[PDB]
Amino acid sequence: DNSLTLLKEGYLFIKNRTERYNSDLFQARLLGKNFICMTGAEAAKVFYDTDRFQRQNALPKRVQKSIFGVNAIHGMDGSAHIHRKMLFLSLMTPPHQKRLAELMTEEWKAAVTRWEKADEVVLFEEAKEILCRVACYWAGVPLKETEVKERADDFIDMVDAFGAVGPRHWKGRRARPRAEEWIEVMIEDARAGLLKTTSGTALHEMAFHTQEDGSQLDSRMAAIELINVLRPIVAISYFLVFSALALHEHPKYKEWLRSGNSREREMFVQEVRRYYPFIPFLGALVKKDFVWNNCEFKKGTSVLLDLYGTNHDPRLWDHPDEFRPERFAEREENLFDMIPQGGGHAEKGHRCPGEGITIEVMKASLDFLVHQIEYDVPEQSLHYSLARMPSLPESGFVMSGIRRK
């Protein structure tokens, strides 16, 4: 069993071995199970074949009890999964992406009034609070100013736990029942009409969603699925910090952004998502015996798809370990070569329905940093680990001398 080695190597565990064995797949004992680990765009296509792969019983209990919730969308298959996935997709269309991006812009502009007076700020901490306030407001979830930071911390504790052991994992295990109880009473109040809800917002649509047989979700399950909207919006915090890091470490792109418009901002944001680590891999179970790439996949075998390694595959990407947003000028759009938030079709599998929200929030936040304020980046540890999952520049990205531009 290689699980401790996986903990040691993190994002590079699969890529180190696919390179060493000169193969796009290898066998390994991980998580107590027999696994095949695979990488590359062709492997991602096979992974998203839902006749060959299922997610039920692929999600380790420890992941359900920390980041995702028990028996939630991530572990569902078949028409029941697709049914629930349409609920998430309806909440993440461009009107929602635009609304969230606009709320973020308003928050960043409002933040300058305090940042200019305090001089020094930790971007990760500011982002967490703003995103939590914006996510709850857009969703219709009441949120008191005195609890913004606690709820944001609970959301991040769940994200930060998914690849951890020891105290960091325990933080996520403790935060999940707090968040679920908090949101569940909201669901219950909404269903009794004791909390005002609005058609087309996340609280309303999760509270009143009906399944294929016409029954509502259990209030706890509706709460879990609403957290599966609120938590990943706060998780955009990680990408916002990596975006600011890339700006600092590749300063030639700042004037490139200042001169240009949303096209350059979008190429920059896509390169942040491709280049920096966030989700290392995905798990599934072989649904039926099949053969691919001269390997027999036996029913019941667990499988890991390498997100990070595919995103740095030199067969797909020129100089894959350099940050070069211009690579997305005149590049073909494809569902399997660029998979930091999954691959394939979100309507037909488990691909992230939040990609558009992620991208527009990142673009709005990049615009703020480039056009709205000036700032310095003082001496600090900007190192981010490829072993620690998820990963973040250690300091959280400290900014100082902040001035209204």
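The numbering used is simple: start at 1 and walk along the sequence shown.
- Looking at 329 to 337 and 67 to 75 together, the entry lists the larger mean B-factor for 329 to 337, computed on C-alpha atoms.
- The deposited model assigns a higher average Cα B-factor to 18 to 26 than to the other stretch when 18 to 26 and 387 to 395 are compared.
- Set against one another, the Cα B-factors of 88, 290, 242, 137 in the record reach their highest point at 290.
- The entry lists a Cα temperature factor for residue 36 that places it in the highest third of the chain's modelled residues.
- Looking at the C-alpha B-factors along this chain, the one for residue 367 belongs to the middle third.
- Split the chain's modelled residues into thirds by C-alpha temperature factor. Residue 350 is in the lowest one.
- Among the modelled residues of its chain, residue 253 has a C-alpha B-factor that falls in the highest third according to the deposited record.
- When the CA B factors of the chain's modelled residues are split into thirds, the value for residue 50 lands in the middle one.
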